[PDB]
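Q: File follows, protein21.cif with mmCIF, C-alpha atoms and all ligand atoms:
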```
data_entry
#
loop_
_atom_site.label_atom_id
_atom_site.label_comp_id
_atom_site.auth_asym_id
_atom_site.auth_seq_id
_atom_site.Cartn_x
_atom_site.Cartn_y
_atom_site.Cartn_z
CA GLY T 28 116.78 92.86 98.60
CA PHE T 29 113.55 94.58 97.59
CA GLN T 30 113.70 97.30 100.24
CA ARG T 31 112.82 100.78 99.10
CA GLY T 32 112.53 104.08 100.91
CA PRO T 33 113.74 105.29 104.30
CA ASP T 34 113.56 103.49 107.58
CA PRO T 35 109.83 103.73 108.23
CA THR T 36 108.16 105.51 111.09
CA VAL T 37 104.54 105.70 112.13
CA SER T 38 104.35 109.29 110.90
CA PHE T 39 105.92 108.20 107.63
CA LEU T 40 103.18 105.56 107.26
CA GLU T 41 100.34 107.75 108.51
CA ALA T 42 101.29 110.76 106.42
CA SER T 43 98.56 111.43 103.89
CA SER T 44 100.88 110.09 101.20
CA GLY T 45 104.16 108.28 100.99
CA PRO T 46 107.33 109.85 99.71
CA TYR T 47 106.95 109.15 96.01
CA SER T 48 105.04 111.28 93.61
CA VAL T 49 102.44 109.06 92.01
CA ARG T 50 101.58 109.08 88.36
CA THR T 51 98.47 107.41 87.10
CA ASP T 52 97.49 105.51 84.03
CA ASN T 53 93.80 105.19 83.35
CA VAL T 54 92.74 101.77 82.16
CA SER T 55 89.58 101.69 80.12
CA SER T 56 87.14 98.91 80.90
CA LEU T 57 87.52 97.92 77.26
CA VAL T 58 91.00 96.54 78.02
CA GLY T 59 92.13 94.06 80.63
CA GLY T 60 88.77 92.46 81.37
CA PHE T 61 88.56 93.72 84.95
CA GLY T 62 86.25 96.72 84.60
CA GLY T 63 88.90 99.34 84.07
CA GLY T 64 90.72 101.26 86.71
CA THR T 65 93.75 103.32 87.44
CA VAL T 66 97.32 102.22 87.66
CA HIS T 67 99.20 104.23 90.26
CA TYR T 68 102.92 104.09 90.04
CA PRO T 69 105.64 106.07 91.79
CA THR T 70 108.07 108.30 89.99
CA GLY T 71 111.71 108.81 90.86
CA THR T 72 112.18 105.15 91.69
CA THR T 73 114.56 102.68 90.11
CA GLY T 74 114.40 98.93 89.95
CA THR T 75 111.31 96.81 90.13
CA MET T 76 108.64 96.88 92.75
CA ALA T 77 105.66 94.89 93.84
CA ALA T 78 102.36 95.36 92.09
CA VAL T 79 99.09 95.51 93.97
CA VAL T 80 95.60 95.24 92.59
CA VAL T 81 93.01 97.06 94.68
CA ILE T 82 89.55 95.77 93.87
CA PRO T 83 86.16 96.91 95.17
CA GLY T 84 83.36 94.42 95.51
CA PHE T 85 80.21 96.11 96.73
CA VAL T 86 77.88 96.69 93.79
CA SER T 87 75.91 99.46 95.52
CA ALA T 88 79.17 101.14 96.59
CA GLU T 89 78.77 104.75 97.57
CA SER T 90 82.54 105.04 97.22
CA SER T 91 85.39 102.72 96.48
CA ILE T 92 88.93 101.74 97.37
CA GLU T 93 90.77 104.35 95.29
CA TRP T 94 92.48 105.85 98.34
CA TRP T 95 94.71 102.79 98.32
CA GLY T 96 96.03 103.66 94.89
CA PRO T 97 97.94 106.85 95.62
CA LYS T 98 98.50 105.87 99.23
CA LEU T 99 100.16 102.56 98.54
CA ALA T 100 101.85 103.52 95.27
CA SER T 101 103.51 106.47 96.99
CA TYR T 102 105.48 104.00 99.12
CA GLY T 103 106.96 102.17 96.14
CA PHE T 104 104.36 99.92 94.60
CA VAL T 105 102.56 99.79 91.32
CA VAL T 106 98.99 99.87 92.51
CA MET T 107 96.03 99.50 90.24
CA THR T 108 92.65 100.38 91.64
CA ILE T 109 89.84 98.67 89.84
CA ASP T 110 86.78 100.71 89.00
CA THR T 111 83.35 99.94 90.40
CA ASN T 112 80.30 99.05 88.28
CA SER T 113 82.36 96.59 86.26
CA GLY T 114 79.80 93.86 85.71
CA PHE T 115 81.71 91.76 88.22
CA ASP T 116 79.92 90.96 91.42
CA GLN T 117 80.17 87.81 93.49
CA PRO T 118 83.49 86.71 95.02
CA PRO T 119 84.22 84.05 92.37
CA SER T 120 83.86 86.70 89.69
CA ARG T 121 86.00 89.00 91.83
CA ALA T 122 88.75 86.40 91.88
CA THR T 123 88.50 86.30 88.10
CA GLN T 124 88.52 90.09 88.07
CA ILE T 125 91.62 90.15 90.26
CA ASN T 126 93.35 87.61 88.07
CA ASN T 127 92.45 89.60 84.97
CA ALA T 128 93.72 92.74 86.66
CA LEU T 129 96.95 91.04 87.65
CA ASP T 130 97.34 89.72 84.11
CA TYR T 131 96.78 93.21 82.81
CA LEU T 132 99.45 94.74 85.03
CA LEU T 133 101.91 92.00 84.14
CA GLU T 134 101.05 92.39 80.49
CA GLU T 135 101.59 96.14 80.65
CA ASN T 136 104.69 95.60 82.75
CA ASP T 137 105.97 93.34 79.99
CA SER T 138 105.24 96.01 77.40
CA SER T 139 108.13 98.20 76.32
CA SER T 140 105.80 101.16 75.99
CA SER T 141 103.74 101.12 79.16
CA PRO T 142 104.50 104.18 81.31
CA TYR T 143 105.36 101.65 84.03
CA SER T 144 107.05 99.17 81.70
CA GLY T 145 109.43 96.97 83.62
CA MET T 146 108.44 98.58 86.89
CA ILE T 147 106.75 95.49 88.32
CA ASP T 148 108.49 92.50 89.76
CA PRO T 149 106.04 89.79 88.60
CA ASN T 150 107.08 87.66 91.57
CA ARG T 151 105.69 90.20 94.04
CA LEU T 152 101.96 90.68 93.63
CA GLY T 153 99.56 91.89 96.25
CA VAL T 154 95.80 92.19 96.22
CA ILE T 155 93.70 94.47 98.35
CA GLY T 156 90.06 93.70 97.98
CA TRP T 157 86.92 95.09 99.49
CA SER T 158 83.71 93.27 100.28
CA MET T 159 83.08 90.63 97.66
CA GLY T 160 86.41 91.71 96.23
CA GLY T 161 87.76 90.77 99.63
CA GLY T 162 86.24 87.35 99.16
CA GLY T 163 87.82 87.40 95.72
CA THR T 164 91.11 88.41 97.31
CA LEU T 165 90.94 85.51 99.73
CA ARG T 166 90.10 83.24 96.81
CA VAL T 167 93.08 84.47 94.82
CA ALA T 168 95.19 84.16 97.97
CA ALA T 169 94.01 80.56 98.11
CA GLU T 170 94.86 80.07 94.41
CA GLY T 171 98.52 80.61 95.28
CA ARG T 172 99.15 83.35 92.74
CA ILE T 173 99.82 86.29 95.01
CA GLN T 174 102.30 87.16 97.70
CA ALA T 175 100.19 89.35 99.96
CA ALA T 176 96.47 89.73 100.44
CA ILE T 177 94.53 92.44 102.21
CA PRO T 178 90.83 91.66 102.21
CA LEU T 179 88.88 94.72 103.31
CA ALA T 180 85.61 93.90 105.03
CA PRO T 181 85.58 90.70 103.00
CA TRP T 182 82.32 89.08 102.05
CA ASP T 183 82.13 85.49 100.90
CA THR T 184 79.82 82.54 101.21
CA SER T 185 82.16 80.05 102.84
CA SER T 186 85.44 80.13 104.69
CA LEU T 187 86.29 76.56 103.65
CA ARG T 188 88.04 77.70 100.46
CA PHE T 189 90.35 79.77 102.69
CA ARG T 190 91.47 76.89 104.90
CA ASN T 191 94.81 76.53 103.15
CA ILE T 192 95.69 80.13 102.40
CA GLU T 193 99.45 80.45 102.63
CA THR T 194 99.55 83.97 101.23
CA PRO T 195 100.35 86.56 103.92
CA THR T 196 96.86 87.86 104.59
CA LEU T 197 95.88 90.92 106.55
CA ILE T 198 92.12 91.09 106.92
CA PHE T 199 90.76 94.48 107.81
CA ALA T 200 87.51 93.70 109.54
CA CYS T 201 85.03 96.49 110.12
CA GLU T 202 83.57 96.05 113.57
CA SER T 203 80.10 97.43 112.89
CA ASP T 204 79.88 95.99 109.39
CA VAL T 205 76.32 94.95 108.66
CA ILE T 206 77.03 94.10 105.02
CA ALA T 207 79.70 91.50 105.70
CA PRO T 208 79.25 91.10 109.45
CA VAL T 209 82.61 90.29 110.93
CA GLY T 210 81.35 87.26 112.82
CA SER T 211 80.12 85.64 109.60
CA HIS T 212 82.80 86.87 107.25
CA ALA T 213 86.10 88.53 108.15
CA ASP T 214 86.46 86.66 111.46
CA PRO T 215 85.78 83.09 110.22
CA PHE T 216 87.70 83.86 107.02
CA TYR T 217 90.67 84.91 109.09
CA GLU T 218 90.28 81.91 111.35
CA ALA T 219 90.07 79.60 108.34
CA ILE T 220 93.58 80.61 107.31
CA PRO T 221 96.13 78.27 108.89
CA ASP T 222 97.99 79.61 111.88
CA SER T 223 101.14 78.66 109.99
CA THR T 224 100.33 81.42 107.54
CA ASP T 225 101.51 84.94 108.16
CA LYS T 226 98.21 86.60 108.81
CA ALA T 227 96.63 89.41 110.68
CA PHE T 228 93.11 90.31 111.62
CA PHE T 229 92.61 94.01 112.27
CA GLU T 230 89.07 94.81 113.24
CA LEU T 231 88.69 98.55 112.99
CA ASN T 232 86.62 99.94 115.83
CA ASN T 233 83.06 100.89 114.82
CA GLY T 234 83.94 100.38 111.20
CA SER T 235 81.16 100.30 108.69
CA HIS T 236 81.50 98.04 105.69
CA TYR T 237 83.54 100.86 104.14
CA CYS T 238 86.03 101.09 106.94
CA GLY T 239 88.89 99.50 105.09
CA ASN T 240 88.52 101.53 101.95
CA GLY T 241 90.63 104.44 103.12
CA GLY T 242 90.12 108.13 102.66
CA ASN T 243 88.16 107.83 105.86
CA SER T 244 88.46 107.75 109.65
CA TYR T 245 90.85 104.82 109.46
CA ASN T 246 93.59 106.21 107.20
CA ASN T 247 96.17 105.88 109.97
CA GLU T 248 95.42 102.21 110.57
CA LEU T 249 94.95 101.30 106.92
CA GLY T 250 98.09 103.13 105.89
CA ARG T 251 100.28 102.13 108.81
CA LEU T 252 99.21 98.49 108.79
CA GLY T 253 98.31 97.96 105.16
CA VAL T 254 101.40 99.61 103.74
CA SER T 255 103.48 97.73 106.29
CA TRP T 256 101.80 94.49 105.27
CA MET T 257 102.69 95.08 101.64
CA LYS T 258 106.18 96.27 102.49
CA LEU T 259 106.84 93.35 104.80
CA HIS T 260 105.42 90.68 102.58
CA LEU T 261 105.76 92.00 99.07
CA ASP T 262 109.15 93.66 99.60
CA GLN T 263 110.30 91.27 102.34
CA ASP T 264 111.07 94.58 104.03
CA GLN T 265 111.62 93.59 107.63
CA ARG T 266 111.79 97.25 108.61
CA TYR T 267 107.99 97.24 108.45
CA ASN T 268 107.64 94.28 110.75
CA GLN T 269 107.72 96.67 113.71
CA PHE T 270 104.33 98.09 112.77
CA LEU T 271 102.74 94.66 112.45
CA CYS T 272 104.43 92.50 115.08
CA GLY T 273 105.17 94.05 118.42
CA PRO T 274 102.59 96.78 118.93
CA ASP T 275 99.71 96.12 121.26
CA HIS T 276 97.34 96.73 118.39
CA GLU T 277 94.13 96.50 120.37
CA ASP T 278 95.38 99.27 122.60
CA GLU T 279 94.64 101.53 119.63
CA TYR T 280 91.24 103.14 119.89
CA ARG T 281 90.72 102.51 116.18
CA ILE T 282 91.47 98.78 116.48
CA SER T 283 88.66 96.96 118.25
CA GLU T 284 90.27 93.57 117.75
CA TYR T 285 93.61 92.24 116.66
CA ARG T 286 94.60 88.70 115.82
CA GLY T 287 97.75 87.68 114.10
CA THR T 288 100.40 85.05 113.66
CA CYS T 289 103.45 87.14 114.44
CA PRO T 290 106.27 86.47 114.00
CA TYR T 291 106.15 86.44 110.24
CA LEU T 292 108.69 85.33 107.61
CA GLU T 293 109.98 82.64 109.96
CA CA H 1 83.22 99.72 118.99
CA CA H 2 103.92 83.00 112.85
#
```
Show how you would write the structure in this file as structure tokens.
Ligand SMILES: [Ca+2]
Ligand SMILES: [Ca+2]
A:
Amino acid sequence: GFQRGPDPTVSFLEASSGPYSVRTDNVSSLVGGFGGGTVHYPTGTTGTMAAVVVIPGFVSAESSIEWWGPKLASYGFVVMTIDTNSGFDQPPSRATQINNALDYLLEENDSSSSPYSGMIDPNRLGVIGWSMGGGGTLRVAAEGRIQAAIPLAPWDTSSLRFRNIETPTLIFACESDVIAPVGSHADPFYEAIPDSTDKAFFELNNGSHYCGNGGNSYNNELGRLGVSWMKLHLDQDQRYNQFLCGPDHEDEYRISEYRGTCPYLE
């Protein structure tokens, strides 16, 4: 089907990058209506691949989610990281931002002249979203548009909107998060999602609010689990199930808590 790349291994997933060289396309904030960002897309590939929007969502961010761009794109995804300081803020605006970003990728995908023209399978959209962008991600997951959601230290005001999420959703919770404390955000958000949904809750041990952003102490977990999430759900690549369903995740030092609804794709 949509499988791409070799049979995965942990080292393959935890390597600083995936196999593909990644080219980038800078998106000015003046186009797309999502604050600008960077499209990351692999070279050397053929066929279409899933597209992932990676959105920040912490206005006073000292750093952002850009690690996800090259990291995820290098495994065979078109991955657009959205810039910070976009004028977007609260989770509802972040959902709008995500939708605008997804529109933009699809629009560029549909262009004959985009450097990644035709590279995106519009049916296979993922969103990784941090903080209020994680709330936005959960909101877009609830809107039914996307095929995989990875809220990173999500912040939102209510879990009720998430009670019917059917989108495969991996929430990276950050154990020590004081911005979006897990007990008030990532945890109840995760628990709001039906147990019928393919979902995972990975609380990263001692994680600050930034713990899911990558380029940090959690690269292994974020890469191994997050890339697997996208592979499994966006590519229907069952070869990545082994990293998500099977392992005793909490045995990992870096994973303070795991919840999930394995098996997936039943
Ligand atoms: Ca701890
Ligand atoms: Ca299940």
Q: Please determine, counting only C-alpha atoms, which residue among T:67, T:152, T:181, T:108 has the shortest atom-to-atom distance to residue 47 in chain T.
A: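 Answer, going by the shortest atom-to-atom distance: T:67.
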Q: Per residue of chain T within 9 Å of ligand CA 1 (chain H), what are the shortest atom pair and its distance in Å to one decimal, counting all atoms listed in the file, with rows by chain and residue number, as JSON lines?
A:
```
{"residue": "T:202", "atom": "CA", "partner": "H:CA1", "partner_atom": "CA", "distance": 6.6}
{"residue": "T:203", "atom": "CA", "partner": "H:CA1", "partner_atom": "CA", "distance": 7.2}
{"residue": "T:231", "atom": "CA", "partner": "H:CA1", "partner_atom": "CA", "distance": 8.2}
{"residue": "T:232", "atom": "CA", "partner": "H:CA1", "partner_atom": "CA", "distance": 4.6}
{"residue": "T:233", "atom": "CA", "partner": "H:CA1", "partner_atom": "CA", "distance": 4.3}
{"residue": "T:234", "atom": "CA", "partner": "H:CA1", "partner_atom": "CA", "distance": 7.9}
{"residue": "T:280", "atom": "CA", "partner": "H:CA1", "partner_atom": "CA", "distance": 8.8}
{"residue": "T:281", "atom": "CA", "partner": "H:CA1", "partner_atom": "CA", "distance": 8.5}
{"residue": "T:282", "atom": "CA", "partner": "H:CA1", "partner_atom": "CA", "distance": 8.7}
{"residue": "T:283", "atom": "CA", "partner": "H:CA1", "partner_atom": "CA", "distance": 6.1}
```
Q: With all atoms listed in the file as the basis for distance, which of T:223, T:127, T:36, T:91 is at the shortest distance from residue 240 in chain T?
A: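 Between T:223, T:127, T:36, T:91, the residue approaching residue 240 in chain T most closely is T:91.
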Q: Between T:89, T:248, T:59, T:263, which has the minimum distance to residue 134 in chain T (counting all atoms listed in the file)?
A: T:59
Q: Produce as a PyMOL selection string the set of residues near ligand CA 2 (chain H), where near means within 7 Å with only C-alpha atoms and all ligand atoms considered.
A: chain T and resi 222-225+288-291+293
Q: One number please: CA of residue 86 in chain T to CA of residue 118 in chain T, in Å, one decimal.
A: 11.5 Å
Q: So, counting all atoms listed in the file, which residue among T:96, T:142, T:208, T:229 is closest to residue 278 in chain T?
A: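 Ranked by minimum distance to residue 278 in chain T, first place goes to T:229.
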Q: Counting all atoms listed in the file, which residue out of T:30, T:138, T:255, T:246 sits closest to residue 227 in chain T?
A: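 Result for the nearest residue to residue 227 in chain T: T:255.
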Q: For CA of residue 119 in chain T and CA of residue 164 in chain T, quote the distance in Å rounded to one decimal.
A: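 Atom-to-atom, CA of residue 119 in chain T to CA of residue 164 in chain T, that is 9.5 Å.
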Q: Return the single residue from T:101, T:123, T:186, T:141 that is closest to residue 40 in chain T, with distances computed using all atoms listed in the file.
A: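 Residue with the minimum atom-to-atom distance to residue 40 in chain T: T:101.
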